[PDB]
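What follows is one structure encoded as structure tokens, with my remarks underneath.
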Amino acid sequence: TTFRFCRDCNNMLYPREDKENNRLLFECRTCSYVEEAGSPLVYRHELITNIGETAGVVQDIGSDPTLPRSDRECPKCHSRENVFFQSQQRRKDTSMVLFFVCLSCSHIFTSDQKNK
Amino acid sequence: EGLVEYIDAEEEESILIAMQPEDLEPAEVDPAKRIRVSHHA
Amino acid sequence: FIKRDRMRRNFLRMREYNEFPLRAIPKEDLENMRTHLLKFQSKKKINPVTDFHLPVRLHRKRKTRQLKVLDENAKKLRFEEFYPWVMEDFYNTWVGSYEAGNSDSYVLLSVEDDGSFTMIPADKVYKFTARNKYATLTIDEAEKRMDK
Amino acid sequence: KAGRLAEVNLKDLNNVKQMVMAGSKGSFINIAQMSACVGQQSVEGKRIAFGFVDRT
Ligand SMILES: [Zn+2]
Ligand SMILES: [Zn+2]
Numbered sequence: 002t003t004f005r006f007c008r009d010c011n012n013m014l015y016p017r018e019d020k021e022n023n024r025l026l027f028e029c030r031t032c033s034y035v036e037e038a039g040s041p042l043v044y045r046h047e048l049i050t051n052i053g054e055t056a057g058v059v060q061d062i063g064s065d066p067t068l069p070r071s072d073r074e075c076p077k078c079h080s081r082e083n084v085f086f087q088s089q090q091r092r093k094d095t096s097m098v099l100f101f102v103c104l105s106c107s108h109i110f111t112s113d114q115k116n117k
Numbered sequence: 687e688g689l690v691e692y693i694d695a696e697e698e699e700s701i702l703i704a705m706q707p708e709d710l711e712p713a714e723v724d725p726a727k728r729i730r731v732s733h734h735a
Numbered sequence: 021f022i023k024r025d026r027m028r029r030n031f032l033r034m035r097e098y099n100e101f102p103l104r105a106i107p108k109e110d111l112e113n114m115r116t117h118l119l120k121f122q123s124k125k126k127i128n129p130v131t132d133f134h135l136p137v138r139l140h141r142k327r328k329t330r331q332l333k334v335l336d337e338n339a340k341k342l343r344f345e346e347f348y349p350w351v352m353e354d355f358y359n360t361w362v363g364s365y366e367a368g369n370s371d372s373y374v375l376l377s378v379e380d381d382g383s384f385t386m387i388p389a390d391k392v393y394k395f396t397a398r399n400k401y402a403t404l405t406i407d408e409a410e411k412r413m414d415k
Numbered sequence: 728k729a730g731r732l733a734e735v736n737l738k739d740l741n742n743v744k745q746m747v748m749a750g751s752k753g754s755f756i757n758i759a760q761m762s763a764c765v766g767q768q769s770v771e772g773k774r775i776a777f778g779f780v781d782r783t
């Protein structure tokens, strides 16, 4: 995660192990620029995800006519005008929880009960 | 006069059509009449 | 419960600042000088060739009767220069590239010795890119390496 | 459940009841759909898909 690019080379910095100072540096297999490892974690794989559950929530989601309105009150705004929609993770196993969006604070909440 | 628009099938994705004006625009029965649903939209 | 075609009865029986003048700039200059544009695409905050090097060098680097394809001049011209514009030392480097996206709606008002401007639309616009900053290549071996 | 409600209320007069009873023509589903309700339309064993984006 969090790729790093070079400068004056701009390619992406692979990690090159420093054993002597004994830490991780990021090389640049084209121009020899280097720097540290801002964190020893290198790679993630992320089988079961929980992102895209709010894909493209723009400040205009309130301006889309086709989205179903709903009346519940935002925990923050305590306003009762909010559009909502299922989780945008277009995949089969996906749950059927609801993401609301208050038209006032643009705060996102959920209809959940298992985990908020 | 901007009273009626042509709508293709792609554009149709982003509109919300009412079925008939009366039964659907104003906000808020014969049992022989068929059963419809509301202007909740 | 019926269809009433007699409705045509009722419907028949119902109805400070710096202001600067700009003039017909000489053309013979323009008949030989062509004023293009240029952009460096290295993000290098200023990247002026003032600091590039010296000297700087901007330049480019039997049968019977027959019928040929037909094509307008400009494309015939534009095509017939496939030598791009370059800058070098004798070793930092840049290479040019035609842009053509917005060659038209751009007249220029360069701050001359005075604040005024002769009137100058841009001829062309060029995207200038660096090169050989790390100067590595296996032009021959690339195929060899990419097929190991 | 709605079909059984209609079939039951038909009296022996009812001519289509008399054709079901004689086994002659028609059946329960038929009378259920004519008089009671037509029930769930379906395409490939599934309810109607979201042909438009996220709506039917
Ligand atoms: Zn680099
Ligand atoms: Zn809110």
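Protein sequence lines correspond, in order, to chains I, B, Q and A.
Following the authors' numbering, the numbering of the first sequence begins with 2 at its first residue and continues without gaps.
Residues 687 to 714, 723 to 735, numbered by the authors' numbering, are exactly what the second sequence covers, in order.
Residues 21 to 35, 97 to 142, 327 to 355, 358 to 415, numbered by the authors' numbering, are exactly what the third sequence covers, in order.
Following the authors' numbering, the numbering of the fourth sequence begins with 728 at its first residue and continues without gaps.
Don't be surprised by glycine CBs; every beta carbon is placed ideally from N, CA and C.
Any chance the CB of residue i is under 7 Å from a heavy atom of ligand 1?
| i | result |
| --- | --- |
| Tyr34 of chain I | yes |
| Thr31 of chain I | yes |
| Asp9 of chain I | yes |
| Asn51 of chain I | no |
| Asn399 of chain Q | no |
| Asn12 of chain I | yes |
Quick check: the Cα distance between residue i and residue j, rounded to an integer number of angstroms?
| i | j | result |
| --- | --- | --- |
| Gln60 of chain I | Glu47 of chain I | 28 Å |
| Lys400 of chain Q | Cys7 of chain I | 13 Å |
| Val35 of chain I | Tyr44 of chain I | 19 Å |
| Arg92 of chain I | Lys728 of chain A | 35 Å |
| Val351 of chain Q | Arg398 of chain Q | 10 Å |
| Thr3 of chain I | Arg24 of chain I | 18 Å |
| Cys75 of chain I | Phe100 of chain I | 11 Å |
| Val731 of chain B | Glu714 of chain B | 13 Å |
| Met27 of chain Q | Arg33 of chain Q | 10 Å |
| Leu119 of chain Q | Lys340 of chain Q | 21 Å |
| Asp781 of chain A | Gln767 of chain A | 19 Å |
| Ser364 of chain Q | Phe395 of chain Q | 6 Å |
| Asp9 of chain I | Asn359 of chain Q | 12 Å |
| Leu710 of chain B | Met761 of chain A | 28 Å |
| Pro707 of chain B | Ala735 of chain B | 13 Å |
| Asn12 of chain I | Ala38 of chain I | 17 Å |
| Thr405 of chain Q | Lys142 of chain Q | 21 Å |
| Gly382 of chain Q | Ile703 of chain B | 59 Å |
| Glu54 of chain I | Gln114 of chain I | 16 Å |
| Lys126 of chain Q | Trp361 of chain Q | 16 Å |
| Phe21 of chain Q | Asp724 of chain B | 15 Å |
| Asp371 of chain Q | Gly688 of chain B | 36 Å |
Taking all protein chains shown into account, do 16 or more other C-beta atoms lie within 10 angstroms of the C-beta of residue i, making it buried, or fewer, making it exposed?
| i | result |
| --- | --- |
| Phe777 of chain A | exposed |
| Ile62 of chain I | buried |
| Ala759 of chain A | buried |
| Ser33 of chain I | exposed |
| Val102 of chain I | buried |
| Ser88 of chain I | buried |
| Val735 of chain A | exposed |
| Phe101 of chain Q | exposed |
| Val84 of chain I | buried |
| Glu353 of chain Q | buried |
| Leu42 of chain I | exposed |
| residue 1 of chain I | What is shown of chain I runs 2 to 117, which leaves residue 1 of chain I out entirely. |
| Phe31 of chain Q | exposed |
| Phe779 of chain A | exposed |
| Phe347 of chain Q | exposed |
| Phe110 of chain I | buried |
| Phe755 of chain A | exposed |
At a threshold of 7 Å, does residue i count as lining ligand 2 (C-beta to nearest heavy atom)?
| i | result |
| --- | --- |
| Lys77 of chain I | yes |
| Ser96 of chain I | no |
| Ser112 of chain I | no |
| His108 of chain I | yes |
| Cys764 of chain A | no |
| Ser754 of chain A | no |
| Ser123 of chain Q | no |
| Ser372 of chain Q | no |
| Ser71 of chain I | no |
| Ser80 of chain I | yes |
| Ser105 of chain I | yes |
Could you spell out the range, first to last residue, of the beta strand (DSSP E) harbouring residue i?
| i | result |
| --- | --- |
| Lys394 of chain Q | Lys394 to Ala397 |
| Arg330 of chain Q | Counting along the chain, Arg330 of chain Q falls outside any beta strand (DSSP E), and DSSP gives it neither H nor E. |
| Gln87 of chain I | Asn83 to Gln87 |
| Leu25 of chain I | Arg24 to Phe27 |
Could you spell out where the alpha helix (DSSP H) holding residue i opens and where it closes?
| i | result |
| --- | --- |
| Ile756 of chain A | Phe755 to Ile758 |
| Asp709 of chain B | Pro707 to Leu710 |
| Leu342 of chain Q | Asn338 to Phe344 |
| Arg412 of chain Q | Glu408 to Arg412 |
Review point. Of the residues that make up the stretch 383-405 of chain Q, which ones have a beta carbon closer than 7 Å to any beta carbon in chain I?
Key: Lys400, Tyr401 and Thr403
Check your understanding: What residues in the stretch 61-91 of chain I bring their beta carbon closer than 7 Å to a beta carbon of chain B?
Key -> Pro66 and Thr67
Practice item. Could you list the residues in the stretch 688-703 of chain B with a C-beta less than 9 Å from some C-beta on chain I, going in chain order? Key: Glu699, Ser700, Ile701 and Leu702
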